[PDB]
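Listed here are the chains, written in short residue letters.
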Amino acid sequence: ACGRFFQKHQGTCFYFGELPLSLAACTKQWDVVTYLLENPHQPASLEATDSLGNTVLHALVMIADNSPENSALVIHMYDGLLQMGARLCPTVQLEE
Amino acid sequence: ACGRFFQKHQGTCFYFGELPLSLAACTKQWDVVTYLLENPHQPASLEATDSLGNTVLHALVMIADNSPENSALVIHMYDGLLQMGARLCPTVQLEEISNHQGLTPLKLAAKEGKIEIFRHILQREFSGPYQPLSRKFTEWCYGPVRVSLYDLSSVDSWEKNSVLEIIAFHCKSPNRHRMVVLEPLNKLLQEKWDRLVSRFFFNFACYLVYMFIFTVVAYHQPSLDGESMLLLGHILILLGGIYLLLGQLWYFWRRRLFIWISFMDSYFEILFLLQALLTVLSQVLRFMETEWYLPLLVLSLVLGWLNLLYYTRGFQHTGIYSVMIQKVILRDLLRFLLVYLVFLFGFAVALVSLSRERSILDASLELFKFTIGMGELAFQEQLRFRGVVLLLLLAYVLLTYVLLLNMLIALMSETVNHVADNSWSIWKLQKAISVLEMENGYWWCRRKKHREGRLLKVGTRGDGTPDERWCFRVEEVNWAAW
Amino acid sequence: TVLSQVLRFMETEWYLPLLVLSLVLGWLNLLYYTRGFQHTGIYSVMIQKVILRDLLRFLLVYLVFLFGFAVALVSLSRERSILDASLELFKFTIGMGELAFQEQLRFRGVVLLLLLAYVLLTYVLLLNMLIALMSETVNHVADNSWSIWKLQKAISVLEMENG
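Quick notes on the rules
- Residues numbered from 1 in each chain as written, not as in the entry; some residues may be left out.
- Chains lettered and ligands numbered in written order.
- Part of a larger assembly, values for the part shown.
- Heavy atoms only, no water.
- UniProt positions renumbered as here; feature names shortened; annotations may be inferred.
- Axes fitted to C-alpha atoms, helices over the stretch in contact; angles between N-to-C directions.
- Helix = DSSP H or I, 4+ residues; strand = E, 2+ residues; numbered from the N terminus.
- Parallel < 35°, antiparallel > 145°, perpendicular 65-115°, else oblique.
- Left-handed = near helix turned anticlockwise from the far one by under 90°.
- Contact = heavy atoms within 4.5 Å.
- Nonpolar A, V, L, I, M, F, W, Y, C, P; charged D, E, K, R; others polar.
- Core = buried A, V, L, I, M, F, W, Y, C linked by side-chain atoms within 4.5 Å.
- Buried < 20%, exposed > 50% of the residue type's maximum accessible area, 1.4 Å probe, protein only.
- Salt bridge = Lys/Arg side-chain N within 4 Å of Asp/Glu carboxyl O.
- Buried area = accessible area lost by both parts, 1.4 Å probe.
- Polar contact = N/O pair within 3.5 Å; in protein donor to acceptor, adjacent residues only side chain to side chain.
- Pairing = 2+ DSSP bridges.

Going by the header, the method for this PDB entry is cryo-EM, and the resolution given is 4.4 Å.

As annotated in the PDB entry, chain B carries the name Transient Receptor Potential Cation Channel Subfamily V Member 2 and is attributed to Rattus norvegicus. Its PDB record names the entry "Structure of the full-length TRPV2 channel by cryo-electron microscopy". Per UniProt, the comment on chain B under Subunit is "Homotetramer (Probable). Interacts with a cAMP-dependent protein kinase type II regulatory subunit (PRKAR2A or PRKAR2B) and ACBD3. Interacts with SLC50A1; the interaction probably occurs intracellularly and depends on TRPV2 N-glycosylation." The record held by UniProt for chain B lists under Sequence similarities the comment "Belongs to the transient receptor (TC 1.A.4) family. TrpV subfamily. TRPV2 sub-subfamily."

Labelled according to the PDB entry, chain A appears under the name Transient Receptor Potential Cation Channel Subfamily V Member 2, originating from Rattus norvegicus.

So, in structure tokens, the structure goes:
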């Protein structure tokens, strides 16, 4: 889901990762992030690349900033994505 | 109910608004304020004018002050007066009524530097859902992180009496910049300064680049008499003063020759008048015969080259430093010269009197050797009381260092008395003060004036029947629960 | 360094005049390594970096003032070599202003009351930079440039392993 607002251009934007799970990190919910993987009809994946060939974890750091409250919740999501990740894809190394 | 105590005169007073509902705001009760309108026998009105043609809302801001607890309760009353007002008089617009001088209350809130309502008054959260016709001064559409929007009541430069009309010119400023640092007026700096800083540089070019070649006359100048380039200089020496004469004169035509109250930093504006005025001294001698032209046009060239310091402005930050120091040291320069120079009168007399064994102003240069200092110190014994003048001059080595010191440390005290982002913002004031002339154009006669096509995006989103406003779109990034 | 080499046998002549600067800046740039043998450097690059911005802002303000006054000096003293006559004004830069008052110019008070205007503003031109510096240290740095000492070291580590 790429466009003007979804591109990383200066102003009128934020480069969240241009796909459903990518903004699901930015939503700070941690409830649908599990279900959009757990969904039996069509499961998502962190393997899903974007316009710069990234997983969601590259967008987490770009969307991360110098706001302690934002980094605190970002950290909480970030750590648990590896717990949900490594459980469901133990064959794949995730931060490489 | 007007009198001595109820008049706005200095001391023994407070100008609450001279009628029952006016002090009812100052009573901080909010219970009788409803009933004195709800009373069925004789209802009051905010329409009730006073000695300066004001509603109660003009008195709220005058009675408001730099007390947070007072402004907090003042804000609470102030917002609900519009809820009780607009309900009972929806036909009447409430914050657009002018005083006897012709001034609105939201504009008049800037006049006296009201701190702590004034930020609130711009930034208000109560129209949707319960007064959708009031319009907030705020709006929002399309947020994952909020794309905000602020309206425009009168604060944009060109609308005939904004706060930009008074905060630039008629500012009675306890200190300004903060009132300007709030987001809708603060952000407005760059929205047009993008379009104006290039034209500022284009006009700054025309200020300084012709002052450069104004000098090369004096380079080629003869004392007594393709060489027409030297003679051509005179035609631009005419323009050297005459351009900056009219230009700075018609500034006072629109400033009506306003009184010395704006002494703060309008001395920089009249530093152009110095060059403008002093250029003519040579012109109207110079053909005629009178002779004092080359001697005194020195100062016309001097102060002109000096006043090119003024524009140490916005091409880099530094200026946040420039005017911070330059303004406060103009007070120090006054205090410096008043103390120092008057010491050495009687000692130049003591020098010439002891050295006996109208031209003493030139003999005072003997003492001004040590000002830099390069004190001669040359000891001789022809004076026959050798120790008098010798033990005299050693007294000034300590106090001359002290006379630097006390000013060096009077300065230390000015920086020990910390300024966080005060003069850092005065950089933007100096820019936003310099915005005054940008939209108006040039009775300089490049184009005799310039019009206005610099207004902001049409709101066209309000509640029925009047749906229309002028507004501006702002960006934000917030990290709350939602 | 090469400017001298490939003149020097040949004949061209501007070699000893301009190799001065090759020797100068080389000896100057030995300041760079005020680094890690003692701490001090936590000071060195903190000031040296921020004053490179101050040095730019200093020279842009000051030097351009004295052009028209060197013209005012030579113009009033009438009664391409003025760049050398500007040294008369650069006497007061250090300052060791001559101040030598004579009355052959026939409007004695012009140039005499001119030069007294610069004693105050020359101190101000030092002052405002002295205090623009005060502002840079009033704006406290706790262990920022103290750590940039280690950055400058860890930046200098880039070339060590490569050979």
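Next, the rest of the story.
Quick word on the packing of helix α11 (residues 228-254) of chain B against helix α12 (residues 263-278) of chain B
In helix packing, the relevant descriptors are the interaxial angle and the interaxial distance, both defined with respect to the helix axes. Residue and element names in this part refer to chain B. For the pair α11 and α12, the least separation of the axes is 8 Å and the interaxial angle reads 140°. Comparing the axis directions of α11 and α12 gives the class oblique. As α11 packs across α12, the resulting crossing turns out to be left-handed. On α12, the residues touching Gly240, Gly241, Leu244, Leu245, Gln248, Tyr251 and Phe252 of α11 are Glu269, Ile270, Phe272, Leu273, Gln275, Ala276 and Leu277. A breakdown of the residues in the contact of α11 with α12 according to their chemical character gives nine nonpolar, four polar and one charged.

Quick word on the nonpolar core
Residues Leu21, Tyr78, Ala110, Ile117, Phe118 and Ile167 of chain B are the most contacted members of the largest nonpolar core, which totals 38 residues. Of all the elements, helix α4 (residues 68-88) of chain B adds the most residues to this core, at six residues. Once residues lying within four places of it in the same chain are set aside, the contact partners of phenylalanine 118 of chain B are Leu106, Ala109, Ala110 and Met179 of chain B. Counting residues in hydrophobic clusters, the runner-up holds 26 residues, among them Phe214 and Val217 of chain B together with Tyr62 and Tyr118 of chain C.

Things to note about the pattern of salt bridges
A complete count under the given rule lists 16 salt bridges over all chains for this structure. Linking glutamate 452 of chain B and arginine 454 of chain B is a salt bridge whose minimum nitrogen-to-oxygen distance equals 3.3 Å. In this structure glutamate 452 of chain B comes out as partly exposed when scored by relative accessible area, which is 25%. Classification of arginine 454 of chain B by relative accessible area gives buried; the value is 16%. In this structure, the salt-bridge partner of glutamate 136 of chain C is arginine 57 of chain C, at a minimum N-O distance of 3.5 Å. Comparing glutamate 136 of chain C with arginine 57 of chain C shows no difference in burial state: the two are buried. Three or more residues are tied together by salt bridges with common partners; here these are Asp332, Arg335 and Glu414 of chain B.

Side note on the interface of chain B and chain C
By a frequent convention, interface size equals the accessible area lost on bringing the separate parts together. Taken together, the contacts link 32 residues of chain B with 39 residues of chain C. In total, about 3200 Å² of surface goes out of reach between chain B and chain C, with carbon and sulfur atoms giving 75% of it. A per-residue breakdown of the area chain B buries against chain C is headed by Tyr219, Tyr321 and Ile372 of chain B, which together make up 18% of the total. For the interface between chain B and chain C, the tally reads zero salt bridges. Counting every contact that joins chain B to chain C gives eight residue pairs in polar contact. Of all the secondary structure elements, the ones that give two or more residues to the side of chain B that touches chain C are α10 (216-220), α14 (297-306), α15 (319-340), α18 (365-368) and α20 (396-416) of chain B. A total of five residues in the side of chain B that touches chain C trace back to one element, the largest contributor, which is α14 of chain B. Classifying every residue of the side of chain B that touches chain C gives 22 nonpolar, nine polar and one charged.

Section: the interface of chain A and chain B
Contacts between the two partners involve 11 residues from chain A and, on the opposite side, five residues from chain B. Around 590 Å² of area is buried between chain A and chain B when both sides are counted, 63% of it from carbon and sulfur atoms. When the buried area of chain A at its contact with chain B is split by residue, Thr12, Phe14 and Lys28 of chain A rank highest and sum to 51% of it. On inspection of chain A and its partner chain B, the count reaches zero salt bridges. Viewed at the interface, chain B and chain A are joined by one residue pair in polar contact. Counted by class, the side of chain A that touches chain B contains four nonpolar, four polar and three charged residues.

Some details on the environment of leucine 149 of chain B
Residue and element names in this part refer to chain B. Looking at the secondary structure, you find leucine 149 in strand β2 (residues 147-151). Given a relative accessible area of 13%, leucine 149 falls into the buried group. As a C-alpha pair, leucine 149 and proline 184 span 35 residues in sequence and 8.9 Å in three-dimensional space.

Let's talk about the side chain of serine 154 of chain B
Residue and element names in this part refer to chain B. Structurally, the position occupied by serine 154 is in the loop between β2 and α7 (164-167). On the accessibility criterion, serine 154 (17% relative accessible area) is buried. Excluding its chain neighbours within four sequence positions, the residues that come into contact with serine 154 are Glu159, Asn161, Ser162 and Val163.

Things to note about the UniProt feature "transmembrane region" in chain B
Residue and element names in this part refer to chain B. With numbering matched to this structure, UniProt assigns "transmembrane region" to residues 200-220, 230-250, 257-277, 292-312, 334-354 and 389-409. Spanning residues 230-250, this segment combines 100% helix with 0% strand, and its end C-alpha atoms are found 32 Å apart. Annotation note: span residues 334-354, helix share 81%, strand share 0%, distance between end C-alpha atoms 32 Å.

Considering unusual backbone geometry
The omega torsion across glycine 128 of chain B and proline 129 of chain B is -15°, close enough to zero to call that bond cis. Looking at where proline 129 of chain B falls in the secondary structure, it is placed in the loop between α6 (118-122) and β1 (139-141). The omega torsion across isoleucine 94 of chain C and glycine 95 of chain C is 5°, close enough to zero to call that bond cis. Within the fold, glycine 95 of chain C resides in the loop between α6 (87-90) and α7 (108-115). If you check the backbone angles, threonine 12 of chain B has positive phi at about 55° while not being a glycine. By the element assignment, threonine 12 of chain B lies in the segment before α1 (20-26). Its relative accessible area of 59% is what places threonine 12 of chain B among the exposed residues. For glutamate 289 of chain B, which is not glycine, the phi dihedral falls at a positive 65°. As for its position among the elements, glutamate 289 of chain B is in the loop between α13 (280-286) and α14. Residue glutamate 289 of chain B is classed as exposed on the basis of its relative accessible area of 74%.

Brief notes about the packing of helix α3 (residues 41-62) of chain C against helix α9 (residues 144-156) of chain C
All names here are of chain C. Look at α3 against α9: their axes get within 8 Å of each other, and the N-to-C directions meet at 100°. Viewed along their axes, α3 and α9 adopt a mutual orientation that is roughly perpendicular. Of the residues in α9, those touching α3 at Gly41, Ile42, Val45 and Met46 are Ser145, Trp146, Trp149 and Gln152.

Some points on the pairing of β2 of chain B
Residues and elements named next belong to chain B. Along β2, four of the five residues are buried, which leaves the element largely enclosed by surrounding structure. Of the strand pairs in this sheet, β1 and β2 are connected by three bridges, and their pairing is antiparallel. Across the sheet, the residue bridging to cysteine 141 is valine 147, located in β2. Across five bridges, β2 lies against strand β3 (residues 471-475) in antiparallel orientation.

Focus on the sheet that holds β3 of chain B
Residue and element names in this part refer to chain B. Taken together, three strands build an open sheet; the order of strands is β1-β2-β3 and the sheet is antiparallel. Looking along the sheet, the strands with just one partner apiece sit at the ends: β1 and β3. Pairs of neighbouring strands in the sheet enclose a mean axial angle of 30°, with direction left out of account.

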